[PDB]
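Below: one structure, written as structure tokens.
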Amino acid sequence: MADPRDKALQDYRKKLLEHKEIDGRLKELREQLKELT
Amino acid sequence: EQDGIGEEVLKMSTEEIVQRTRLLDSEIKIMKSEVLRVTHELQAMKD
Amino acid sequence: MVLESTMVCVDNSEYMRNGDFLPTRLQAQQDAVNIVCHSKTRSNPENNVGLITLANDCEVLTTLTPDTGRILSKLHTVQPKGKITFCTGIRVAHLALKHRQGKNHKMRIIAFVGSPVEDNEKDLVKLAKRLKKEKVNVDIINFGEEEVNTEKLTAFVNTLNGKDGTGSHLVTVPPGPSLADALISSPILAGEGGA
Amino acid sequence: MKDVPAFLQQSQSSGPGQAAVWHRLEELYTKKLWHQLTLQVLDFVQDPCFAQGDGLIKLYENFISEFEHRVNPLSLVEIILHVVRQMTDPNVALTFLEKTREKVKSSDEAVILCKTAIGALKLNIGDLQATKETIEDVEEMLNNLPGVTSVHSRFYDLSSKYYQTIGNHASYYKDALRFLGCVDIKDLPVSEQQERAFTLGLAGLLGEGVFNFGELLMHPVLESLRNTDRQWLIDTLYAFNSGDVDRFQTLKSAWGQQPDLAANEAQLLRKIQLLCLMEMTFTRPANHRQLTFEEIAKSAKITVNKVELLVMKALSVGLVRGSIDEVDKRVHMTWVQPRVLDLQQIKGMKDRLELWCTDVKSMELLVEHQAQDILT
Amino acid sequence: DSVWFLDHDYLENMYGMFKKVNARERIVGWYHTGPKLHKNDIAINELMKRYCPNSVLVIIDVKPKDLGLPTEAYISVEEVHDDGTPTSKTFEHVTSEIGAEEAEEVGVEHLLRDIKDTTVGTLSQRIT
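Line order of the protein sequences matches chains P, D, L, C and G.
Using the UniProt record's numbering, read the first sequence as starting at 15 and increasing by one per residue.
Using the UniProt record's numbering, read the second sequence as starting at 28 and increasing by one per residue.
Using the UniProt record's numbering, read the third sequence as starting at 1 and increasing by one per residue.
Using the UniProt record's numbering, read the fourth sequence as starting at 1 and increasing by one per residue.
Counting with the UniProt record's numbering, you get residues 65 to 146, 153 to 198 for the letters of the fifth sequence.
And the structure:
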């Protein structure tokens, strides 16, 4: 916007959005292992 | 890291902020490698 | 690369604390190794990759298999603050190269330096000579020495070339910010094929 | 703007010595030589902090936040451990702790130390009860891991200072034993070792449990560094082991100095008597572990009548086992406990083992000899 | 001996497979093959626990260390040792016995007619 604090947040948030997908994939694979046992 | 908290950004000056964002980007590469690792354990188990 | 088995040596040190490579030198080194390991398999599925550590009492953590996933799982977990005993890491890698499920492949070690090496230059010069005879080739990737001062690796590399299944070489990456991962550009994926 | 130059400027004024440290820190921070950054942090914190001085809050609250997911946990932890011991302030200590604990990119190593930092504070505010719990958890952590020698000694000394304060000589022995053996001085004060070493010996004499007088002498701590109080302290240990009233008695000026020796004078007399009795059973082979009352009295240098009661109390507690035949007047030891660890005592064992090697050879031949025609 | 080779994954694969041949054969731990108990063994002991349910370290030698069994059983212990020395990590031994199931017993008994520790058949048998 016009604030540097605004820019840092935006960067963190595009990254959280990306982490969320991997975390969900990690969880699926891990769920499958427990069920196989 | 300290991402997803407003309070940290206000508290830290710009020098840290440029540095921090750069570390956070490299983090995605290591999480992709982790997905690939679980798939192997599962293959061993499968036999 | 074709009909080749390679073990990657991960350098756990105390000079991997630097963020010159992001996030941490070590975490950047995990990533550098992982893309190289993948590239090798993808190019030529005849490739196998194994994992050995310098860290701790030196043992073969996982062996050579066509599966990059086997090696990857262990790599992340090994103690970041490990030992920088280079010579012991190389020797155990030679023992694993011998024992594979199918045996027809050449013997190669590709080694990472997270740091300047602790153990004398004398010792490495020797080890290199005997090792050369058994016909295990160690190809050394150099960012780690350079942090404080110029690479010792080049002398060990020179001694090594003469008898190898595939050529040894120094690939140089600036120790600062250009990332560890930049090694994909310099050839270690496929050696010189030399004599 | 920038994080580190502003904080560093406020600190530079307070300590001119730290001015050189800050210039070097500034350069390294930007470059991302984070390995150097730890070392830069390490040199400042140990004696300076500005914790008697001023400007501590601005530098530290921010530094811990800055370090929080780049520079290793060794940086974050060094600030808390050092400041807290100087300080009497819970607020400021508590803020710093919460931040230090949290995970970092390179590793998780802060935890062990964090708990240590907390312990120190509780001692300083003056909570005996609060302190003892936290101390028990760290001491255990140290026992688990072999080879972390320096952290074990440094912790043991802080814990010892708490114990001296409450008065628990019995408890004190147990925790003391550990410091003496692993012993190292890299941060430990000179004066602190002298106080804890004095209480440790005093405890040791009172002991009903103690059969490790020989260990106390063997540990470098007492022997190497002597003061005027320490000159008597090693001597009193010697007098116990020997178990003579004559050696013991000259030292008597000491009995008045501490009320602990003066008060339980009965336990002391009983202890020296019993220890001498054990040494005689031990010196003698497996032919006799029987000693007469007369012989026990001579060693003890205490009357025959009182020796007979003393030996009975030791049996009753269970330190020793055996029978008393008062027709014969012998105490026949069936059982004897683990003795004092001195060199000579290692040697006593050899005598019997060596003898046994030759009687077995001789005998083994006699067993083979009988009907050798048939073993089939 | 700080350079050696071992395949950790192999431990995991073997566990599942042994169950089909007999139900009494599952991953119990690992075997060492002498001659002593080394520092270098301690690194593998740590590792084994994760792979196995908690493991045991049994040392089976080719020649007895005494005159009886060639096996020792160990459990890792941490203990404080004092003489000027700090707390040590060591392996504390626990005593071993012999024993078998009915299948094993049948073949060994028919095959045996050796001299043994004692067979028992005479007074003279007992002296041996």
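All residues carry an ideal CB built from backbone N, CA and C; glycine is no exception.
Minimum C-alpha distance to residue i - residue among the options
i: residue 23(L); options: 229(C), 290(C) and 104(C); result: 104(C)
i: residue 65(G); options: 87(L), 57(L), 85(L) and 79(L); result: 57(L)
i: residue 28(D); options: 42(D), 46(D) and 41(D); result: 46(D)
i: residue 45(P); options: 62(D), 38(D) and 32(D); result: 62(D)
i: residue 147(L); options: 338(C), 228(C), 36(C) and 317(C); result: 36(C)
i: residue 43(C); options: 218(C), 75(C), 320(C) and 171(C); result: 75(C)
i: residue 93(L); options: 139(L), 80(L) and 118(L); result: 139(L)
i: residue 135(G); options: 167(G), 182(G) and 107(G); result: 167(G)
i: residue 50(L); options: 44(L), 68(L), 88(L) and 42(L); result: 68(L)
i: residue 94(C); options: 108(C), 79(C) and 107(C); result: 79(C)
i: residue 200(C); options: 147(C), 135(C), 238(C) and 160(C); result: 160(C)
i: residue 20(L); options: 186(L), 191(L), 174(L) and 102(L); result: 174(L)
i: residue 206(C); options: 244(C), 191(C), 226(C) and 265(C); result: 265(C)
i: residue 110(L); options: 195(L), 160(L), 42(L) and 76(L); result: 160(L)
i: residue 218(C); options: 177(G), 172(G), 182(G) and 146(G); result: 146(G)
i: residue 114(C); options: 85(C), 307(C), 324(C) and 366(C); result: 85(C)
i: residue 170(C); options: 294(C), 345(C), 210(C) and 320(C); result: 210(C)
i: residue 319(C); options: 327(C), 325(C) and 310(C); result: 310(C)
i: residue 117(L); options: 101(L), 97(L) and 87(L); result: 87(L)
Identity of the residues DSSP links to residue i by a beta bridge
i: residue 50(L); result: 7(L)
i: residue 69(C); result: Partner(s): none; residue 69(C) has no beta bridge.
i: residue 333(C); result: 322(C)
i: residue 137(G); result: 122(G) and 164(G)
i: residue 170(L); result: 140(L)
i: residue 111(L); result: 9(L) and 140(L)
i: residue 153(L); result: For residue 153(L), which the question treats as bridged, DSSP gives no partner whatsoever.
i: residue 292(C); result: 330(C)
i: residue 158(G); result: 143(G)
i: residue 96(G); result: 123(G)
i: residue 106(L); result: 4(L)
Contacts of residue i in chain D (Cβ-Cβ under 8 Å)
i: residue 76(G); result: 71
i: residue 69(C); result: 28, 29, 47 and 50
i: residue 25(L); result: Correct list: empty, because the minimum Cβ distance to chain D is about 11 Å.
i: residue 73(G); result: 71
i: residue 23(P); result: 33 and 36
Bounding residues of the alpha helix (DSSP H) (the contiguous stretch that carries residue i)
i: residue 36(P); result: 18-50
i: residue 394(C); result: No answer is possible for residue 394(C): the residues shown for chain C start at 1 and end at 376.
i: residue 35(C); result: 34-45
i: residue 284(C); result: Taken as a continuous stretch (DSSP letters only), residue 284(C) belongs to no alpha helix (DSSP H), as it is neither H nor E.
i: residue 198(C); result: 190-206
i: residue 312(C); result: 304-317
i: residue 94(L); result: 86-98
i: residue 347(C); result: 343-369
i: residue 171(C); result: 169-182
i: residue 83(G); result: 73-85
i: residue 155(C); result: 149-166
i: residue 33(L); result: 25-43
i: residue 255(C); result: 253-257
i: residue 60(D); result: 41-73
Amino acids of chain C, ordered along the chain, whose beta-carbon sits closer than 7 Å to that of residue i
i: residue 81(L); result: 107
i: residue 185(G); result: 376
Residues that residue i contacts on chain D, provided the C-beta gap is smaller than 9 Å
i: residue 65(C); result: 29, 35, 38, 39 and 43
i: residue 2(C); result: 40, 41, 42 and 43
Where the beta strand (DSSP E) containing residue i begins and where it ends
i: residue 63(L); result: 60-65
Where residue i meets chain P, residues with beta-carbon distance less than 8 Å
i: residue 59(D); result: 36
Contact list for residue i against chain G, beta-carbon separation under 8 Å
i: residue 370(C); result: 197
i: residue 149(C); result: 156
Partner residues on chain D for residue i, Cβ-Cβ distance less than 7 Å
i: residue 49(P); result: The contacting residues do not exist; residue 49(P) stays about 10 Å from chain D at best.
Contact list for residue i against chain G, beta-carbon separation under 7 Å
i: residue 56(L); result: 107
Beta-carbon neighbours of residue i, restricted to chain C and to distances below 9 Å
i: residue 20(L); result: 31, 32, 33 and 34
Residue i beta carbon near the ligand FAD (any heavy atom closer than 7 Å)
i: residue 53(C); result: With respect to the ligand FAD, the structure shown offers nothing to examine, as it has no ligands at all.
Under 8 Å by beta carbon: chain L residues contacting residue i
i: residue 72(C); result: 17
Neighbouring residues, chain G, relative to residue i (Cβ below 9 Å)
i: residue 152(C); result: 156 and 157
Exercise. If we count Cβ pairs, one from each stretch, closer than 8 Å, do we get three or more for the region 147-155 of chain C versus the region 116-131 of chain G?
Worked result: no
For this session: State whether the region 267-280 of chain C contacts the region 303-316 of chain C, with contact taken as three or more CB pairs (one from each stretch) at a distance under 8 Å.
Result: yes
Exercise. Does the pairing of the region 24-37 of chain L with the region 72-92 of chain L give three or more beta-carbon distances under 8 Å?
Worked result: yes
Problem set entry | Validate contact between the region 161-171 of chain L and the region 7-19 of chain L using beta carbons, cut 8 Å, 3 pairs | no
Exercise. Looking at C-beta atoms only, is the number of pairs between the region 173-183 of chain C and the region 239-247 of chain C that lie closer than 8 Å three or more?
Worked result: no
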